[PDB]
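*Asks:*
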Amino acid sequence: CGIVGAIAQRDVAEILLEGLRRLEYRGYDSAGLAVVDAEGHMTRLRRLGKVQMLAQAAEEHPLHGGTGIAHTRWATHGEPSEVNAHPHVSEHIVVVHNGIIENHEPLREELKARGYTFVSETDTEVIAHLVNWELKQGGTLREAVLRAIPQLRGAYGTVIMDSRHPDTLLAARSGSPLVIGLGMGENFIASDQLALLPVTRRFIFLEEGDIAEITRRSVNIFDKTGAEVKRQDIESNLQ
Amino acid sequence: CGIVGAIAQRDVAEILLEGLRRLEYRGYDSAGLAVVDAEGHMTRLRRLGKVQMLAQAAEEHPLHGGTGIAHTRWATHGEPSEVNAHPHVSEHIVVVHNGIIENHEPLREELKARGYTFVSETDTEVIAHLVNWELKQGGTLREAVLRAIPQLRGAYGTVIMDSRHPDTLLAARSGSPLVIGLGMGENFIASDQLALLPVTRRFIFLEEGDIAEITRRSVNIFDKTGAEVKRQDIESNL
Ligand SMILES: N[C@@H](CCC(=O)O)C(=O)O
Ligand SMILES: N[C@@H](CCC(=O)O)C(=O)O
Ligand code: NA
Ligand code: NA
Numbered sequence: 001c002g003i004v005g006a007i008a009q010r011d012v013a014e015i016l017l018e019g020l021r022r023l024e025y026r027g028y029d030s031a032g033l034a035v036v037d038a039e040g041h042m043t044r045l046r047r048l049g050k051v052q053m054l055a056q057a058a059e060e061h062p063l064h065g066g067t068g069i070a071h072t073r074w075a076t077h078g079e080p081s082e083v084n085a086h087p088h089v090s091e092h093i094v095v096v097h098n099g100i101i102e103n104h105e106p107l108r109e110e111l112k113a114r115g116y117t118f119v120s121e122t123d124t125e126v127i128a129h130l131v132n133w134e135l136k137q138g139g140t141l142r143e144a145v146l147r148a149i150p151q152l153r154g155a156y157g158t159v160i161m162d163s164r165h166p167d168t169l170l171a172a173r174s175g176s177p178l179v180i181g182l183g184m185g186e187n188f189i190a191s192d193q194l195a196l197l198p199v200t201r202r203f204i205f206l207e208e209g210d211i212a213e214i215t216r217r218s219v220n221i222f223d224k225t226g227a228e229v230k231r232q233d234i235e236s237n238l239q
Numbered sequence: 001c002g003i004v005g006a007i008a009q010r011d012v013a014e015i016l017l018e019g020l021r022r023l024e025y026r027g028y029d030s031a032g033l034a035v036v037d038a039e040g041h042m043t044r045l046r047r048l049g050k051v052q053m054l055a056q057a058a059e060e061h062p063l064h065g066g067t068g069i070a071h072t073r074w075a076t077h078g079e080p081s082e083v084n085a086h087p088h089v090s091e092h093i094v095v096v097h098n099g100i101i102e103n104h105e106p107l108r109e110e111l112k113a114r115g116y117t118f119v120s121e122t123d124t125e126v127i128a129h130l131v132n133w134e135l136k137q138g139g140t141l142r143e144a145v146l147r148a149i150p151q152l153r154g155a156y157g158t159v160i161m162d163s164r165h166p167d168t169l170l171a172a173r174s175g176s177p178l179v180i181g182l183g184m185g186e187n188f189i190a191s192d193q194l195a196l197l198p199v200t201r202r203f204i205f206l207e208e209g210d211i212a213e214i215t216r217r218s219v220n221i222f223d224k225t226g227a228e229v230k231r232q233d234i235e236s237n238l
């Protein structure tokens with residue numbers, strides 16, 4: 001239900017937690033985050049419960065790394081539990097997701113035949129294993145995500161990262177909002193601009209069907225056929 | 001003329017240079033910056049001429065480090081030259097300064113007598129040598145600055161760092177404006193809030209006579225008797 005992501009030189013865990021504090025929708029049930037450092041070391045922490053519980057856990061095990069994604073969940077598929085909380089993983093592929101993957105069943109079956117173990121009951125987890133699958137077929141994360149997204153049906157927003165290549169985040173808007181926040185030598189993404197105001201006031205709103213490749217220094221947006229599209233940045237005057 | 005400073009986890013050179021670009025409208029003859037990394041390695045680059053010239057040189061000497069100060073100068077003491085541009089140094093003490101130190105002559109002679117060599121013709125350089133002097137007497141950078149400031153007369157603002165302890169910046173407002181910009185796990189300072197808008201919208205204005213010690217995580221403000229004062233932070237989108 002709430003997504004925040006960041007790709008920066010500085011540690012982003014505190015920015016992600018502050019973003020989640022700004023995305024605490026009535027009835028959400030769990031929260032989690034994953035950060036990866038420059039050497040590809042990933043730390044993921046999830047909790048059934050409130051962002052404050054996650055924040056307290058993060059205080060104990062300080063999470064270093066300039067690339068990360070975080071999520072508050074409002075469960076639709078799978079009961080609230082830490083196992084089902086986001087980020088979900090498929091080895092090096094880490095995903096957070098808002099909305100629903102309608103065709104999760106057939107997809108889950110295909111991936112199971114490809115040798116993938118599902119550990120959660122969520123529709124989300126199919127996104128992770130599928131991008132893992134596509135990436136195995138060769139190409140960059142952007143290319144794999146371009147192949148993946150058409151296979152997914154439903155109303156969703158997702159941000160994906162590959163812990164082996166922590167210099168890029170991929171994001172796709174396909175029935176649920178996402179907005180990019182532009183920083184200086186760092187970039188952010190959230191499902192609501194309100195999450196990002198502490199660190200930037202300049203935004204690019206993704207449009208329906210947009211897939212964005214975000215690095216510390218560049219934002220490149222494409223549609224599903226892989227065509228590059230131009231989206232305007234705007235300065236927000238909200239406090 | 002324009003001052004920008006930053007103390008962050010990320011490299012700050014780009015933020016400093018952008019801050020200077022935002023200050024060019026005030027006019028200036030030279031500009032410079034200094035950044036220090038976590039290990040105390042200081043890189044200083046100065047140019048007679050435009051910020052764009054400095055930014056170009058920075059592109060060849062990519063400056064790494066999370067603590068730094070930068071300045072555009074409008075010369076009052078000493079002709080425009082790279083030697084007279086700030087930041088000025090005294091070994092590990094590095095200073096940028098707006099305004100004038102009216103009593104620079106007596107202090108310069110005093111510090112010359114004390115063994116310092118002045119490389120520049122600026123009043124500014126006395127600040128660097130004086131803080132270096134006071135620090136030799138013992139204490140923290142904050143303590144040394146508290147002892148230095150009362151010796152200076154003039155209408156000025158200054159930001160000071162010690163490359164040996166890159167986790168703190170000291171700033172003193174004594175007749176020329178300075179504003180702190182509050183970030184998340186980083187803090188900034190400038191002579192004009194316009195310099196800081198790209199990175200934050202929350203500010204604390206230093207009041208006359210305030211001496212601030214700024215770290216990545218905290219801002220502690222004192223008066224000249226060393227008393228802690230509380231200043232209000234305000235949000236200001238321009
Ligand atoms: N359907 C996903 C995401 C729900 C949401 O948008 O929070 C889940 O149940 O985990
Ligand atoms: N008096 C100092 C500072 C001038 C300024 O405020 O730019 C100098 O001449 O370098
Ligand atoms: Na869709
Ligand atoms: Na004064």
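Going down the list, the protein sequences come from chains B and A. Residue numbers for the first sequence follow the deposited numbering, beginning at 1 and rising by one. Residue numbers for the second sequence follow the deposited numbering, beginning at 1 and rising by one. Each residue gets a CB set at the ideal place from its N, CA and C atoms; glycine is no exception.
Note down, in chain order, each residue of its chain lying with its Cβ closer than 6 Å to the Cβ of B/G65, except the 5 sequence neighbours on either side.
*Replies:* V35, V36, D37, listed in sequence order.
*Asks:* Where does B/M53 sit, in a helix, a strand or coil, going by DSSP?
*Replies:* Of the three classes helix, strand and coil, the one that applies to B/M53 here is helix, per DSSP.
*Asks:* When Cβ atoms are compared, which residues of the region 187-218 of chain A fall closer than 9 Å to chain B?
*Replies:* Answer set for the region 187-218 of chain A: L197, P198, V199, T200, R201, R202.
*Asks:* Give the residues from the region 9-21 of chain A that approach chain B closer than 8 Å (Cβ to any Cβ), ordered along the chain.
*Replies:* Result list: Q9, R10, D11, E14, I15, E18.
*Asks:* Kindly identify the DSSP beta-bridge partner or partners of A/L182.
*Replies:* In DSSP, A/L182 forms a bridge with A/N187.
*Asks:* State yes or no: is the beta carbon of B/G185 nearer than 8 Å to at least one beta carbon in chain A?
*Replies:* At least one chain A Cβ lies under 8 Å of B/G185.
*Asks:* Going by the C-beta, is B/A75 closer than 7 Å to any heavy atom of ligand 1?
*Replies:* Indeed, a heavy atom of ligand 1 lies less than 7 Å from the Cβ.
*Asks:* Mind reading off the beta-carbon distance from B/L169 to B/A148? Whole number of angstroms is fine, and I expect it under 8 Å.
*Replies:* Not quite, the Cβ-Cβ distance comes to about 15 Å (not below 8 Å), so this is no contact.
*Asks:* Three-state secondary structure (DSSP) at B/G32?
*Replies:* Strand, per DSSP.
*Asks:* Beta-carbon separation of A/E125 and A/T72 under 8 Å?
*Replies:* Going by C-beta atoms, A/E125 is not nearer than 8 Å to A/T72.
*Asks:* Any beta carbon of chain A sitting closer than 8 Å to that of B/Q239?
*Replies:* So yes, B/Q239 belongs to the interface.
*Asks:* Please report how far the alpha carbon of A/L194 lies from the alpha carbon of A/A70, in whole angstroms.
*Replies:* Their Cα atoms are separated by approximately 15 Å.
*Asks:* Less than 7 Å between the CB of B/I100 and some heavy atom of ligand 1, yes or no?
*Replies:* Result yes, Cβ under 7 Å from ligand 1.
*Asks:* How would you list, in chain order, the residues of chain B whose beta-carbon sits under 8 Å from the beta-carbon of A/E235?
*Replies:* In chain order: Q239.
*Asks:* Pair every Cβ in the region 41-59 of chain A with every Cβ in the region 12-23 of chain A, then say whether three or more of these pairs are closer than 8 Å.
*Replies:* The region 41-59 of chain A vs the region 12-23 of chain A: in contact.
*Asks:* Tell me which residues share the same chain as A/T76 and place their Cβ nearer than 8 Å to its Cβ, disregarding the 5 neighbours each side in the sequence.
*Replies:* Around A/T76: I100, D123.
*Asks:* Return the CA-CA distance between A/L63 and B/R114, expressed in angstroms with no decimal places.
*Replies:* A/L63 and B/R114: Cα-Cα distance of roughly 48 Å.
*Asks:* Tell me whether B/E39 sits in a helix, a strand or coil according to DSSP, three-state version.
*Replies:* In the structure shown, B/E39 sits in coil (DSSP, three-state: anything other than H, G, I, E or B).
*Asks:* In three-state terms, what does DSSP make of A/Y25?
*Replies:* A/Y25 falls in the helix class under three-state DSSP.
*Asks:* Can you name the start and end residues of the beta strand (DSSP E) that A/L170 belongs to?
*Replies:* Note, A/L170: beta strand (DSSP E), 169-174.
*Asks:* Would you mind working out which of B/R202, B/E186, B/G185, B/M184 sits nearest B/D192, comparing C-alpha positions?
*Replies:* Checked all of B/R202, B/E186, B/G185, B/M184; the closest Cα to B/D192 is B/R202.
*Asks:* Beta carbon of A/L206, beta carbon of A/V179: below 8 Å?
*Replies:* Yes; because the gap between Cβ atoms is below 8 Å, this pair is in contact.
*Asks:* Determine, using beta carbons only, whether A/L152 and A/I127 come nearer to each other than 8 Å.
*Replies:* Yes.
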